[PDB]
2 protein chains.
Amino acid sequence: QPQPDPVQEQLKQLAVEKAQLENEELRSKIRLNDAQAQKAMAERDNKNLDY
Amino acid sequence: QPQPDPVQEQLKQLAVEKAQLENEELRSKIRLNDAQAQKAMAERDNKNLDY
C-alpha cells in the first residue's frame, strides 16, 4: 500500500489554492486599471470645461 | 478505465480561466492607455489657448 507523505499532500493542496489566488490576482488588477482609466476620463472632462 | 486525478482536473480548469483573464488583462490596459492619451490631448488643447 502506498503511504502518502504528509508534506507532499500539504504542498499540493497549497498549490491548488495558490493557483486560485493567482487568478483572483488578475481580477483585482482589472478593477484597478478600469478605475484609473475612468478616473482619468473624469479629470479630462472638466479640463475641457475650463477651456 | 482511467481514473482522473481530482488535482489535475482542478488545475486544468483554472488554467483555462487563467488564459481568459490574461486576455481581459490587455483589454483593461487598452482602456487605460487611450484614456491617458486623450486626457493629454485635453491638457494641451487649453495650453495652446493660454498661448
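In the nomenclature of the PDB entry, chain A is known as Probable portal protein of Escherichia phage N4. Under its PDB header, the title given for this structure is "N4 Full Virion Portal".

Peer 1: Sorry if this is basic, but what is going on with the side chain of A:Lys47 here?
Peer 2: Here A:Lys47 lies in helix α1 (residues 6–50). If we ignore the near neighbours within four places in the chain, the residues touching A:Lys47 are B:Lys39, B:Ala42 and B:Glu43.

Peer 1: I would appreciate a short explanation of the side chain of A:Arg44 in the present structure.
Peer 2: One can find A:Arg44 in helix α1. At 3.0 Å, the side chain of A:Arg44 forms a polar contact with the side chain of A:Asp45. Sequence-distant contacts of A:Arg44, defined by excluding residues within four places in its chain, comprise B:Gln38, B:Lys39 and B:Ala42.

Peer 1: Looking at this structure, how should I read the relation of the copies chain B and chain A?
Peer 2: Both copies of the chain are related through a single rotation about an axis accompanied by a shift along the same axis. Relative to chain A, chain B is turned by 30° and slid 0.0 Å along the rotation axis, the superposed coordinates differing by an RMSD of 0.0 Å. When the interface residues of chain B are mapped onto chain A, a mere 14% of them again lie at the interface, so each copy presents a different face.

Peer 1: Just to check I follow, could you spell out the interface of chain B and chain A for this structure?
Peer 2: Interface size is commonly expressed as the accessible area that is lost once the parts come together. Chain B puts 22 residues into the contact, and the matching count from chain A is 19 residues. Summed over both partners, the interface of chain B with chain A buries about 2000 Å², with 66% contributed by carbon and sulfur atoms. Our enumeration of links across chain B and chain A arrives at 3 salt bridges. Close ionic contact of B:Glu25 with A:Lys29 constitutes a salt bridge, the shortest N to O distance being 2.7 Å. Our count for the chain B to chain A interface comes out at 4 residue pairs in polar contact.

The rules behind these values
- Residues numbered from 1 in each chain as written, not as in the entry; some residues may be left out.
- Chains lettered and ligands numbered in written order.
- Part of a larger assembly, values for the part shown.
- Heavy atoms only, no water.
- Helix = DSSP H or I, 4+ residues; strand = E, 2+ residues; numbered from the N terminus.
- Contact = heavy atoms within 4.5 Å.
- Polar contact = N/O pair within 3.5 Å; in protein donor to acceptor, adjacent residues only side chain to side chain.
- Least-squares fit on C-alpha atoms.
- Buried area = accessible area lost by both parts, 1.4 Å probe.
- Salt bridge = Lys/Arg side-chain N within 4 Å of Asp/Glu carboxyl O.

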